[PDB]
Amino acid sequence: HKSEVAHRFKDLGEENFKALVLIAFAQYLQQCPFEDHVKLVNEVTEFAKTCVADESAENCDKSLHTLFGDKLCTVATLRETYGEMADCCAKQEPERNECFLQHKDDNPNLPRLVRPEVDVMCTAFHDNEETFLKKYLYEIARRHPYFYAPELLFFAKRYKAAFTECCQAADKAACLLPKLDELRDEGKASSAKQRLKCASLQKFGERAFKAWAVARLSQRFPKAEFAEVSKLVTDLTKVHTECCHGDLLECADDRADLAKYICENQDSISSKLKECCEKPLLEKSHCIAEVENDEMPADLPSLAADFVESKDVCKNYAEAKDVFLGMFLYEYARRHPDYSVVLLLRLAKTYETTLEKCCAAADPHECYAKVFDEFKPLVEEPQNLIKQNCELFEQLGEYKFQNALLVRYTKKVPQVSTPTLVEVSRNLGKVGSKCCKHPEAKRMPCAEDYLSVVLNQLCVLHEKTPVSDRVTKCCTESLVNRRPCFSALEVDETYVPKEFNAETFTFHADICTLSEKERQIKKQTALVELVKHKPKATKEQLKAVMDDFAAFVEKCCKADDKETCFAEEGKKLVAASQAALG
Ligand SMILES: CCCCCCCCCCCCCC(=O)O
Ligand SMILES: CCCCCCCCCCCCCC(=O)O
Ligand SMILES: CCCCCCCCCCCCCC(=O)O
Ligand SMILES: CCCCCCCCCCCCCC(=O)O
Ligand SMILES: CCCCCCCCCCCCCC(=O)O
Ligand SMILES: CCCCCCCCCCCCCC(=O)O
Ligand SMILES: CCCCCCCCCCCCCC(=O)O
Ligand SMILES: CCCCCCCCCCCCCC(=O)O
């Protein structure tokens, strides 16, 4: 186009345009105050409108990169506030845009964003809706400078809807606060999956990524022919490679190009895309990324004919090994939207190892005729774990399910900090509540997605304060083996019990007036410390103490002098437990 800035304004609309411009400037200029950014936005928006009136007007034919970088270099405090970043302005394009990209700070050392009180939030929302939401858009964007800007805007719009509904409710906090909690976790999770995709691309390479994509696209689009899936894998690997590099415009163009291709070829891909493909450009690729799986074709034959029984298996494999393995994966995956992606990848690795071994024998057909037998236990291991865990969950409920997990994992890796053990155990209990309520055919993909978030959060905490070689092994393995590795951890036989600390087991009356969440965390913290100190305690012995503890808190919180109960009765509880455990 003649004026790229005009074309974006016409397509996005003024409101969306202004929000994305704010996000982009805040992700580059993460230390500038909100008011400086509003000013930049308004100046960009009035310039764009001149181009919309006349694509021939001055500087309207410049590229978006040129115009955006020129504008960053007009910021008066650029050297004073960002130092080295200001040297990027001495560069010509495209060197200049690359230089700005390298100086984004993914950990900018800003204070934590505090969630104010419900009445305070709703009153600001009422008083000035636009400034309220845009100031938070700025606060979030500047702390997460690689988060894809359109998706940030998608969250903002759901926040607007939560405040609009809940600030009119009779019980405002009961309406609003679980919505805020859901949006925060979903947002944190989306950021985790973006960073994990990019890190895994770098370490394990393009082929491993393409394998994942084949499985993932074949479950989503089971009616597509392999050649169409395989072209989609190629395009999607380009999109993720460019987006991981971090330039917003290039990432957005690649995503938009792929969505347009999909929507122009729906008959070859899926019957579920009509609604997404009617949406504006801004929303299209995100919508497609979240489409439900297509219904699979009926009466698909077994894989045995093409992959086990054919006389030609080794010949077809040897002439194009990755293509044949891709076809096996495509056929296996389109048939099993109830499997995790990593499960499908385990099966393809197993099939590959067998063909490597068996196509070297004089009778390969005899050698690999049983290969589908090897898949059965790989498939069953995660199915059985889900059954067991969801059963335990319905029998205990989330809290006591969390506690069962807390004791198990403390004993396996008692060197982990107590905060992390509590947090990871709680989040794992949340996975059970979320995914156990799905029918069986959707439980494994649910578990894979949310476990990938929780286990990454663990590996991230641990990578920075490492304490256990066995965790570091599970966190550095292939992502295909990550969960089985964690599932294979055993009780630490060589741990030296932690030395008793009286204060760790001293409880005060503030526990009666704490939040339910903080009371839970308080008790789960002490349960972890209890297992760290007496790791060889039986479940019977632990339950006895947990029951003594429960009577101890309920009694003292109803007693006239509470402070004295907790200290005197408390001393009794400790002395008795110390005798009943070891
Ligand atoms: C990227 C979304 C921006 C839209 C505005 C966010 C909503 C305002 C409240 C945010 C307060 C912190 C949230 C939380 O801690 O749960
Ligand atoms: C957290 C990843 C990007 C944000 C996605 C929007 C929804 C979450 C809003 C609340 C997150 C707080 C951000 C922070 O405190 O750093
Ligand atoms: C169609 C192009 C992709 C070909 C993929 C071949 C898949 C078979 C081997 C899978 C190996 C597992 C991936 C990984 O190591 O993480
Ligand atoms: C940065 C200057 C403002 C205009 C361009 C903002 C970036 C384009 C985002 C909208 C396109 C989304 C495409 C997609 O994700 O499928
Ligand atoms: C880069 C994400 C947006 C690209 C456009 C959607 C193409 C089909 C995606 C199918 C699901 C893949 C999930 C993913 O990797 O985001
Ligand atoms: C602090 C981290 C300690 C180790 C965490 C282990 C994570 C296990 C992931 C799979 C859990 C499936 C349910 C189960 O069998 O417990
Ligand atoms: C905390 C337990 C959550 C529900 C039960 C999860 C059991 C393990 C799931 C295994 C499937 C995830 C992906 C994989 O390893 O194949
Ligand atoms: C040797 C130290 C003994 C300390 C005795 C008190 C132990 C407190 C464990 C608390 C477990 C709370 C579980 C619950 O009922 O929610």
# chains A, B, ... in the order shown; residues from 1 in each chain; ligands from 1
>>> closest_atom_pairs(of="chain A", to="ligand 4", cutoff="7 Å", atoms="only C-alpha atoms and all ligand atoms", output="tab-separated table")
residue	atom	partner	partner_atom_place_in_ligand_line	distance
A:8	CA	ligand 4	4 (C)	5.5
A:12	CA	ligand 4	10 (C)	6.9
A:17	CA	ligand 4	3 (C)	5.7
A:20	CA	ligand 4	3 (C)	5.5
A:21	CA	ligand 4	3 (C)	4.9
A:24	CA	ligand 4	1 (C)	5.9
A:64	CA	ligand 4	2 (C)	6.8
A:150	CA	ligand 4	9 (C)	5.7
A:248	CA	ligand 4	7 (C)	6.4
A:249	CA	ligand 4	7 (C)	5.4
A:252	CA	ligand 4	13 (C)	4.4
A:253	CA	ligand 4	13 (C)	6.2
A:255	CA	ligand 4	16 (O)	4.5
A:256	CA	ligand 4	16 (O)	3.9
A:259	CA	ligand 4	16 (O)	6.4
A:281	CA	ligand 4	11 (C)	6.0
A:282	CA	ligand 4	12 (C)	4.1
A:283	CA	ligand 4	16 (O)	6.2
A:284	CA	ligand 4	16 (O)	5.5
A:285	CA	ligand 4	16 (O)	4.1
A:286	CA	ligand 4	15 (O)	6.2
>>> write_last_selection(atoms="N, CA, C and O atoms", output="mmCIF file, in the first residue's frame")
data_model
loop_
_atom_site.group_PDB
_atom_site.id
_atom_site.type_symbol
_atom_site.label_atom_id
_atom_site.label_comp_id
_atom_site.auth_asym_id
_atom_site.auth_seq_id
_atom_site.Cartn_x
_atom_site.Cartn_y
_atom_site.Cartn_z
ATOM 1 N N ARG A 8 -3.603 0.491 8.127
ATOM 2 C CA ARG A 8 -3.873 -0.135 9.433
ATOM 3 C C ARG A 8 -5.015 0.559 10.177
ATOM 4 O O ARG A 8 -5.753 -0.079 10.928
ATOM 5 N N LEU A 12 -8.127 -1.652 11.350
ATOM 6 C CA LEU A 12 -8.324 -1.935 12.773
ATOM 7 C C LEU A 12 -9.474 -1.127 13.366
ATOM 8 O O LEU A 12 -10.170 -1.620 14.267
ATOM 9 N N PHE A 17 -6.834 0.761 17.045
ATOM 10 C CA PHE A 17 -5.562 1.361 16.662
ATOM 11 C C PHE A 17 -4.876 2.046 17.834
ATOM 12 O O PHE A 17 -3.682 1.832 18.085
ATOM 13 N N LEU A 20 -3.574 -0.479 20.484
ATOM 14 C CA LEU A 20 -2.361 -1.198 20.082
ATOM 15 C C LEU A 20 -1.156 -0.261 20.054
ATOM 16 O O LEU A 20 -0.018 -0.653 20.356
ATOM 17 N N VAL A 21 -1.358 0.972 19.632
ATOM 18 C CA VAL A 21 -0.247 1.902 19.683
ATOM 19 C C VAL A 21 0.234 2.096 21.131
ATOM 20 O O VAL A 21 1.445 2.218 21.390
ATOM 21 N N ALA A 24 2.280 -0.962 22.189
ATOM 22 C CA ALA A 24 3.568 -1.078 21.527
ATOM 23 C C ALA A 24 4.565 -0.106 22.132
ATOM 24 O O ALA A 24 5.708 -0.477 22.433
ATOM 25 N N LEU A 64 5.915 1.512 8.525
ATOM 26 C CA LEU A 64 5.581 1.525 9.952
ATOM 27 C C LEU A 64 6.840 1.454 10.822
ATOM 28 O O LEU A 64 6.950 2.178 11.828
ATOM 29 N N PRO A 150 -2.034 -7.922 20.304
ATOM 30 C CA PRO A 150 -3.471 -8.174 20.094
ATOM 31 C C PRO A 150 -4.105 -9.010 21.210
ATOM 32 O O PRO A 150 -5.240 -8.749 21.650
ATOM 33 N N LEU A 248 6.795 -7.190 16.641
ATOM 34 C CA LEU A 248 5.336 -7.279 16.610
ATOM 35 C C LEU A 248 4.789 -7.261 15.178
ATOM 36 O O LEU A 248 3.982 -8.114 14.803
ATOM 37 N N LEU A 249 5.214 -6.293 14.355
ATOM 38 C CA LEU A 249 4.616 -6.158 13.024
ATOM 39 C C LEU A 249 4.865 -7.418 12.168
ATOM 40 O O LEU A 249 3.944 -7.939 11.531
ATOM 41 N N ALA A 252 2.752 -10.180 13.489
ATOM 42 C CA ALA A 252 1.345 -9.958 13.133
ATOM 43 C C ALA A 252 1.072 -10.250 11.658
ATOM 44 O O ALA A 252 0.030 -10.815 11.319
ATOM 45 N N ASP A 253 1.976 -9.843 10.773
ATOM 46 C CA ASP A 253 1.786 -10.089 9.342
ATOM 47 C C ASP A 253 1.817 -11.573 9.027
ATOM 48 O O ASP A 253 1.013 -12.063 8.217
ATOM 49 N N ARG A 255 1.114 -14.131 11.044
ATOM 50 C CA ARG A 255 -0.126 -14.669 11.601
ATOM 51 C C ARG A 255 -1.321 -14.334 10.718
ATOM 52 O O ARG A 255 -2.153 -15.187 10.448
ATOM 53 N N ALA A 256 -1.410 -13.085 10.261
ATOM 54 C CA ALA A 256 -2.524 -12.687 9.414
ATOM 55 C C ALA A 256 -2.488 -13.412 8.079
ATOM 56 O O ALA A 256 -3.544 -13.773 7.535
ATOM 57 N N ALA A 259 -3.748 -17.000 8.635
ATOM 58 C CA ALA A 259 -5.196 -17.031 8.843
ATOM 59 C C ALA A 259 -5.953 -16.809 7.532
ATOM 60 O O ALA A 259 -6.985 -17.443 7.272
ATOM 61 N N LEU A 281 -9.867 -8.784 10.677
ATOM 62 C CA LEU A 281 -8.472 -9.225 10.646
ATOM 63 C C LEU A 281 -7.853 -9.314 12.041
ATOM 64 O O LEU A 281 -7.087 -10.245 12.336
ATOM 65 N N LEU A 282 -8.166 -8.358 12.917
ATOM 66 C CA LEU A 282 -7.487 -8.325 14.217
ATOM 67 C C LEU A 282 -7.691 -9.621 14.985
ATOM 68 O O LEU A 282 -6.805 -10.073 15.710
ATOM 69 N N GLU A 283 -8.870 -10.212 14.874
ATOM 70 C CA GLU A 283 -9.261 -11.292 15.768
ATOM 71 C C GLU A 283 -9.127 -12.662 15.121
ATOM 72 O O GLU A 283 -9.248 -13.680 15.813
ATOM 73 N N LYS A 284 -8.838 -12.711 13.825
ATOM 74 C CA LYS A 284 -9.041 -13.929 13.049
ATOM 75 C C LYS A 284 -8.121 -15.061 13.495
ATOM 76 O O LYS A 284 -8.589 -16.156 13.832
ATOM 77 N N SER A 285 -6.804 -14.829 13.477
ATOM 78 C CA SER A 285 -5.870 -15.904 13.811
ATOM 79 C C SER A 285 -6.038 -16.392 15.253
ATOM 80 O O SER A 285 -5.991 -17.599 15.519
ATOM 81 N N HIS A 286 -6.206 -15.468 16.203
ATOM 82 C CA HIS A 286 -6.518 -15.863 17.577
ATOM 83 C C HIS A 286 -7.757 -16.762 17.642
ATOM 84 O O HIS A 286 -7.756 -17.789 18.332
#
>>> residues_around(residues="residue 571 in chain A", least_positions_apart="6", cutoff="12 Å", atoms="only C-alpha atoms", output="CSV table (one decimal) with C-alpha atoms, in the first residue's frame")
chain,number,residue,atom,x,y,z
A,502,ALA,CA,10.0,-24.4,67.8
A,503,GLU,CA,8.9,-21.2,66.0
A,505,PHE,CA,5.4,-25.0,65.0
A,506,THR,CA,4.2,-22.0,67.1
A,507,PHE,CA,0.7,-20.8,66.2
A,508,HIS,CA,-1.1,-17.6,67.2
A,549,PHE,CA,-3.9,-29.8,65.2
A,552,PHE,CA,-6.2,-27.4,68.8
A,564,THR,CA,-2.9,-18.1,76.2
A,565,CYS,CA,-4.6,-21.2,74.8
A,577,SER,CA,3.4,-34.9,68.3
A,578,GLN,CA,7.1,-35.0,68.8
>>> residues_near_ligand(ligand="ligand 6", cutoff="9 Å", atoms="only C-alpha atoms and all ligand atoms", output="PDB file with C-alpha atoms, in the first residue's frame")
ATOM      1  CA  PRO A 382      -1.409 -41.610  31.446  1.00  0.00           C
ATOM      2  CA  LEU A 385      -2.822 -41.965  36.244  1.00  0.00           C
ATOM      3  CA  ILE A 386      -5.809 -39.791  35.325  1.00  0.00           C
ATOM      4  CA  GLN A 388      -6.488 -42.847  39.925  1.00  0.00           C
ATOM      5  CA  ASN A 389      -5.993 -39.148  40.532  1.00  0.00           C
ATOM      6  CA  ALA A 404      -2.400 -35.565  49.819  1.00  0.00           C
ATOM      7  CA  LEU A 405      -0.212 -34.192  47.016  1.00  0.00           C
ATOM      8  CA  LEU A 406       1.734 -31.980  49.440  1.00  0.00           C
ATOM      9  CA  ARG A 408       3.683 -37.125  48.600  1.00  0.00           C
ATOM     10  CA  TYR A 409       5.841 -34.524  46.865  1.00  0.00           C
ATOM     11  CA  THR A 410       7.508 -33.155  49.989  1.00  0.00           C
ATOM     12  CA  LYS A 411       8.804 -36.681  50.644  1.00  0.00           C
ATOM     13  CA  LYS A 412       9.986 -37.101  47.044  1.00  0.00           C
ATOM     14  CA  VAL A 413      11.893 -33.806  46.850  1.00  0.00           C
ATOM     15  CA  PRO A 414      12.100 -32.425  50.425  1.00  0.00           C
ATOM     16  CA  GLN A 415      14.986 -30.093  49.389  1.00  0.00           C
ATOM     17  CA  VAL A 416      12.544 -27.780  47.559  1.00  0.00           C
ATOM     18  CA  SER A 417      11.630 -24.567  49.391  1.00  0.00           C
ATOM     19  CA  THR A 418       8.428 -24.750  51.390  1.00  0.00           C
ATOM     20  CA  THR A 420       7.246 -23.638  46.165  1.00  0.00           C
ATOM     21  CA  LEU A 421       6.046 -26.978  47.464  1.00  0.00           C
ATOM     22  CA  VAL A 422       2.837 -25.336  48.737  1.00  0.00           C
ATOM     23  CA  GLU A 423       2.264 -23.324  45.565  1.00  0.00           C
ATOM     24  CA  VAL A 424       2.982 -26.173  43.138  1.00  0.00           C
ATOM     25  CA  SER A 425       0.888 -28.601  45.179  1.00  0.00           C
ATOM     26  CA  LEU A 428      -1.714 -29.285  40.854  1.00  0.00           C
ATOM     27  CA  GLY A 429      -4.856 -29.727  42.932  1.00  0.00           C
ATOM     28  CA  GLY A 432      -7.560 -31.970  39.102  1.00  0.00           C
ATOM     29  CA  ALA A 447      -4.138 -32.345  31.782  1.00  0.00           C
ATOM     30  CA  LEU A 451       0.391 -29.435  33.678  1.00  0.00           C
ATOM     31  CA  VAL A 454       2.364 -25.766  36.424  1.00  0.00           C
ATOM     32  CA  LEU A 455       5.472 -27.804  35.686  1.00  0.00           C
ATOM     33  CA  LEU A 458       8.214 -25.194  38.929  1.00  0.00           C
ATOM     34  CA  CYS A 459      11.144 -25.523  36.546  1.00  0.00           C
ATOM     35  CA  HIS A 462      13.932 -24.093  40.470  1.00  0.00           C
ATOM     36  CA  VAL A 471      14.288 -31.792  39.428  1.00  0.00           C
ATOM     37  CA  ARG A 482       9.163 -33.979  31.276  1.00  0.00           C
ATOM     38  CA  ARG A 483       5.963 -35.263  32.951  1.00  0.00           C
ATOM     39  CA  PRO A 484       6.927 -38.962  32.989  1.00  0.00           C
ATOM     40  CA  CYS A 485      10.229 -37.937  34.595  1.00  0.00           C
ATOM     41  CA  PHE A 486       8.375 -36.082  37.384  1.00  0.00           C
ATOM     42  CA  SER A 487       5.955 -39.003  37.681  1.00  0.00           C
ATOM     43  CA  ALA A 488       8.940 -41.288  38.177  1.00  0.00           C
ATOM     44  CA  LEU A 489      10.362 -39.407  41.170  1.00  0.00           C
TER      45      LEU A 489
END
>>> closest_atom_pairs(of="range 122-144 of chain A", to="range 191-202 of chain A", cutoff="12 Å", atoms="only C-alpha atoms", output="tab-separated table")
residue	atom	partner	partner_atom	distance
A:140	CA	A:191	CA	11.9
A:141	CA	A:191	CA	11.8
A:143	CA	A:191	CA	11.6
A:144	CA	A:191	CA	8.5
>>> write_last_selection(atoms="N, CA, C and O atoms", output="compact mmCIF listing (two decimals), in the first residue's frame")
# COMPACT_ATOMS: atom_id res chain seq x y z
N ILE A 140 0.47 -3.40 32.52
CA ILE A 140 0.68 -4.80 32.19
C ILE A 140 1.61 -4.93 30.99
O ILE A 140 2.57 -5.71 31.01
N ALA A 141 1.34 -4.16 29.94
CA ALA A 141 2.18 -4.21 28.75
C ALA A 141 3.65 -3.90 29.07
O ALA A 141 4.53 -4.61 28.60
N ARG A 143 5.34 -4.47 31.76
CA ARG A 143 5.93 -5.57 32.51
C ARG A 143 6.06 -6.85 31.70
O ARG A 143 6.68 -7.80 32.19
N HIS A 144 5.46 -6.91 30.50
CA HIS A 144 5.46 -8.12 29.65
C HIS A 144 5.66 -7.72 28.19
O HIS A 144 4.74 -7.81 27.37
>>> closest_atom_pairs(of="chain A", to="ligand 8", cutoff="6 Å", atoms="only C-alpha atoms and all ligand atoms", output="tab-separated table")
residue	atom	partner	partner_atom_place_in_ligand_line	distance
A:505	CA	ligand 8	4 (C)	5.3
A:523	CA	ligand 8	12 (C)	4.5
A:524	CA	ligand 8	12 (C)	5.9
A:526	CA	ligand 8	9 (C)	5.2
A:527	CA	ligand 8	11 (C)	4.4
A:530	CA	ligand 8	2 (C)	5.8
A:545	CA	ligand 8	7 (C)	5.9
A:546	CA	ligand 8	11 (C)	4.7
A:549	CA	ligand 8	8 (C)	5.5
A:550	CA	ligand 8	15 (O)	5.1
A:573	CA	ligand 8	5 (C)	5.8
A:574	CA	ligand 8	3 (C)	4.6
A:577	CA	ligand 8	3 (C)	4.9
A:578	CA	ligand 8	1 (C)	4.4
>>> closest_atom_pairs(of="chain A", to="ligand 3", cutoff="7 Å", atoms="only C-alpha atoms and all ligand atoms", output="tab-separated table")
residue	atom	partner	partner_atom_place_in_ligand_line	distance
A:204	CA	ligand 3	16 (O)	6.8
A:207	CA	ligand 3	3 (C)	5.9
A:208	CA	ligand 3	13 (C)	4.1
A:209	CA	ligand 3	16 (O)	7.0
A:210	CA	ligand 3	3 (C)	4.8
A:211	CA	ligand 3	5 (C)	4.0
A:212	CA	ligand 3	13 (C)	6.7
A:214	CA	ligand 3	1 (C)	6.3
A:230	CA	ligand 3	1 (C)	5.7
A:322	CA	ligand 3	4 (C)	4.5
A:323	CA	ligand 3	1 (C)	5.2
A:325	CA	ligand 3	6 (C)	4.7
A:326	CA	ligand 3	1 (C)	4.2
A:329	CA	ligand 3	7 (C)	6.6
A:345	CA	ligand 3	12 (C)	5.1
A:346	CA	ligand 3	12 (C)	6.8
A:348	CA	ligand 3	8 (C)	4.9
A:349	CA	ligand 3	9 (C)	4.8
A:352	CA	ligand 3	9 (C)	6.4
A:478	CA	ligand 3	16 (O)	6.0
A:479	CA	ligand 3	16 (O)	6.6
A:480	CA	ligand 3	16 (O)	5.7
>>> write_last_selection(atoms="N, CA and C atoms", output="PDB file, in the first residue's frame")
ATOM      1  N   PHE A 204      15.570 -27.728  21.173  1.00  0.00           N
ATOM      2  CA  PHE A 204      15.367 -29.009  20.494  1.00  0.00           C
ATOM      3  C   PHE A 204      15.197 -28.892  18.986  1.00  0.00           C
ATOM      4  N   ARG A 207      12.847 -29.561  13.737  1.00  0.00           N
ATOM      5  CA  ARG A 207      12.196 -30.841  13.451  1.00  0.00           C
ATOM      6  C   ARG A 207      11.285 -31.257  14.596  1.00  0.00           C
ATOM      7  N   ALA A 208      11.771 -31.138  15.831  1.00  0.00           N
ATOM      8  CA  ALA A 208      10.954 -31.493  16.995  1.00  0.00           C
ATOM      9  C   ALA A 208       9.704 -30.611  17.071  1.00  0.00           C
ATOM     10  N   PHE A 209       9.858 -29.328  16.766  1.00  0.00           N
ATOM     11  CA  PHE A 209       8.679 -28.477  16.710  1.00  0.00           C
ATOM     12  C   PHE A 209       7.706 -28.929  15.626  1.00  0.00           C
ATOM     13  N   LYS A 210       8.213 -29.247  14.436  1.00  0.00           N
ATOM     14  CA  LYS A 210       7.294 -29.646  13.385  1.00  0.00           C
ATOM     15  C   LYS A 210       6.529 -30.895  13.772  1.00  0.00           C
ATOM     16  N   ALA A 211       7.187 -31.842  14.453  1.00  0.00           N
ATOM     17  CA  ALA A 211       6.488 -33.034  14.937  1.00  0.00           C
ATOM     18  C   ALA A 211       5.313 -32.675  15.834  1.00  0.00           C
ATOM     19  N   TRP A 212       5.565 -31.835  16.819  1.00  0.00           N
ATOM     20  CA  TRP A 212       4.490 -31.357  17.677  1.00  0.00           C
ATOM     21  C   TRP A 212       3.344 -30.760  16.853  1.00  0.00           C
ATOM     22  N   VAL A 214       2.506 -31.296  13.676  1.00  0.00           N
ATOM     23  CA  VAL A 214       1.793 -32.319  12.915  1.00  0.00           C
ATOM     24  C   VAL A 214       0.721 -32.948  13.790  1.00  0.00           C
ATOM     25  N   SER A 230       0.653 -30.777   6.204  1.00  0.00           N
ATOM     26  CA  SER A 230       2.086 -30.546   6.132  1.00  0.00           C
ATOM     27  C   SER A 230       2.429 -29.146   5.632  1.00  0.00           C
ATOM     28  N   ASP A 322      11.429 -38.641   7.453  1.00  0.00           N
ATOM     29  CA  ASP A 322      10.617 -37.706   8.226  1.00  0.00           C
ATOM     30  C   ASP A 322       9.216 -37.585   7.651  1.00  0.00           C
ATOM     31  N   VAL A 323       9.081 -37.644   6.320  1.00  0.00           N
ATOM     32  CA  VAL A 323       7.763 -37.612   5.695  1.00  0.00           C
ATOM     33  C   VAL A 323       6.938 -38.836   6.094  1.00  0.00           C
ATOM     34  N   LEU A 325       7.301 -40.710   8.824  1.00  0.00           N
ATOM     35  CA  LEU A 325       6.997 -40.560  10.241  1.00  0.00           C
ATOM     36  C   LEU A 325       5.935 -39.497  10.439  1.00  0.00           C
ATOM     37  N   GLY A 326       5.985 -38.424   9.646  1.00  0.00           N
ATOM     38  CA  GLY A 326       4.900 -37.449   9.661  1.00  0.00           C
ATOM     39  C   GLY A 326       3.561 -38.046   9.286  1.00  0.00           C
ATOM     40  N   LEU A 329       2.320 -40.120  12.168  1.00  0.00           N
ATOM     41  CA  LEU A 329       1.826 -39.236  13.230  1.00  0.00           C
ATOM     42  C   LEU A 329       0.490 -38.594  12.856  1.00  0.00           C
ATOM     43  N   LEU A 345       3.608 -38.144  20.423  1.00  0.00           N
ATOM     44  CA  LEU A 345       5.025 -38.049  20.111  1.00  0.00           C
ATOM     45  C   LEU A 345       5.801 -39.235  20.672  1.00  0.00           C
ATOM     46  N   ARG A 346       5.432 -39.712  21.862  1.00  0.00           N
ATOM     47  CA  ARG A 346       6.056 -40.936  22.351  1.00  0.00           C
ATOM     48  C   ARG A 346       5.818 -42.088  21.381  1.00  0.00           C
ATOM     49  N   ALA A 348       5.256 -42.024  18.099  1.00  0.00           N
ATOM     50  CA  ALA A 348       6.033 -41.823  16.881  1.00  0.00           C
ATOM     51  C   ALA A 348       7.518 -42.109  17.106  1.00  0.00           C
ATOM     52  N   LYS A 349       8.090 -41.668  18.243  1.00  0.00           N
ATOM     53  CA  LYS A 349       9.467 -42.017  18.574  1.00  0.00           C
ATOM     54  C   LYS A 349       9.629 -43.522  18.686  1.00  0.00           C
ATOM     55  N   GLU A 352       9.581 -44.994  15.261  1.00  0.00           N
ATOM     56  CA  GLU A 352      10.834 -44.662  14.590  1.00  0.00           C
ATOM     57  C   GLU A 352      11.982 -45.558  15.050  1.00  0.00           C
ATOM     58  N   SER A 478      13.753 -33.585  27.298  1.00  0.00           N
ATOM     59  CA  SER A 478      12.758 -33.233  26.300  1.00  0.00           C
ATOM     60  C   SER A 478      11.413 -32.979  26.968  1.00  0.00           C
ATOM     61  N   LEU A 479      10.639 -32.053  26.390  1.00  0.00           N
ATOM     62  CA  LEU A 479       9.292 -31.795  26.890  1.00  0.00           C
ATOM     63  C   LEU A 479       8.409 -33.031  26.741  1.00  0.00           C
ATOM     64  N   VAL A 480       8.780 -33.940  25.836  1.00  0.00           N
ATOM     65  CA  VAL A 480       8.051 -35.196  25.687  1.00  0.00           C
ATOM     66  C   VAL A 480       8.202 -36.070  26.922  1.00  0.00           C
TER      67      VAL A 480
END
>>> residues_near_ligand(ligand="ligand 1", cutoff="10 Å", atoms="only C-alpha atoms and all ligand atoms", output="CSV table (one decimal) with C-alpha atoms, in the first residue's frame")
chain,number,residue,atom,x,y,z
A,23,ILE,CA,0.7,-1.3,24.0
A,112,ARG,CA,4.3,-5.7,42.0
A,113,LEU,CA,0.9,-4.7,40.7
A,114,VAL,CA,-1.5,-4.6,43.7
A,115,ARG,CA,-5.1,-5.5,43.2
A,116,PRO,CA,-7.0,-2.7,45.0
A,117,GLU,CA,-10.3,-3.2,47.0
A,118,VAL,CA,-13.4,-4.0,45.1
A,121,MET,CA,-11.8,-0.5,41.6
A,122,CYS,CA,-15.5,-0.1,40.7
A,125,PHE,CA,-14.1,2.3,36.7
A,132,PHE,CA,-8.9,3.2,34.4
A,133,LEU,CA,-8.6,0.4,31.7
A,134,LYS,CA,-5.8,2.1,29.7
A,135,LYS,CA,-3.6,2.8,32.7
A,136,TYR,CA,-3.8,-0.9,33.5
A,137,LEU,CA,-3.2,-1.8,29.9
A,138,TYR,CA,0.0,0.3,30.2
A,139,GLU,CA,1.0,-1.3,33.5
A,140,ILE,CA,0.7,-4.8,32.2
A,141,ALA,CA,2.2,-4.2,28.7
A,144,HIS,CA,5.5,-8.1,29.7
A,147,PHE,CA,3.4,-10.5,25.1
A,149,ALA,CA,-0.1,-7.1,21.7
A,151,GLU,CA,-3.9,-10.8,22.8
A,152,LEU,CA,-3.3,-8.2,25.5
A,153,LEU,CA,-6.1,-6.2,23.9
A,154,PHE,CA,-8.3,-9.3,23.9
A,155,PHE,CA,-7.8,-9.7,27.7
A,156,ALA,CA,-8.5,-6.0,28.3
A,157,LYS,CA,-11.9,-6.3,26.7
A,158,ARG,CA,-12.9,-9.2,28.9
A,159,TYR,CA,-11.9,-7.2,31.9
A,160,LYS,CA,-14.1,-4.4,30.8
A,162,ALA,CA,-16.2,-8.2,34.1
A,163,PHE,CA,-16.3,-4.7,35.7
A,177,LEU,CA,-13.1,-11.4,42.4
A,178,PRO,CA,-13.4,-14.9,40.8
A,179,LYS,CA,-13.5,-13.4,37.4
A,180,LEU,CA,-10.3,-11.4,38.1
A,181,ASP,CA,-8.7,-14.6,39.4
A,182,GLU,CA,-9.7,-16.5,36.3
A,183,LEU,CA,-8.3,-13.8,34.0
A,184,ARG,CA,-5.0,-13.5,35.9
A,185,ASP,CA,-4.3,-17.3,35.8
A,187,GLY,CA,-3.1,-14.6,31.3
>>> atom_distance(atom1="CA of residue 367 in chain A", atom2="CA of residue 330 in chain A")
23.5 Å
>>> residues_around(residues="range 28-33 of chain A", least_positions_apart="4", cutoff="7 Å", atoms="only C-alpha atoms", output="list in words")
residues 24, 37, 104, 142 and 145 of chain A
>>> write_last_selection(atoms="N, CA and C atoms", output="short mmCIF file (atom, residue, chain, number, x, y, z; two decimals), in the first residue's frame")
data_model
loop_
_atom_site.label_atom_id
_atom_site.label_comp_id
_atom_site.auth_asym_id
_atom_site.auth_seq_id
_atom_site.Cartn_x
_atom_site.Cartn_y
_atom_site.Cartn_z
N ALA A 24 2.28 -0.96 22.19
CA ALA A 24 3.57 -1.08 21.53
C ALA A 24 4.57 -0.11 22.13
N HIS A 37 2.88 8.47 27.48
CA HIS A 37 2.42 7.52 26.46
C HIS A 37 1.08 7.96 25.85
N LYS A 104 14.59 -4.42 24.75
CA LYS A 104 13.45 -4.75 25.59
C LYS A 104 13.94 -5.51 26.81
N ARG A 142 3.92 -2.89 29.91
CA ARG A 142 5.33 -2.56 30.22
C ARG A 142 6.05 -3.64 31.04
N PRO A 145 6.87 -7.27 27.86
CA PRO A 145 7.09 -6.53 26.60
C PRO A 145 7.10 -7.42 25.36
#
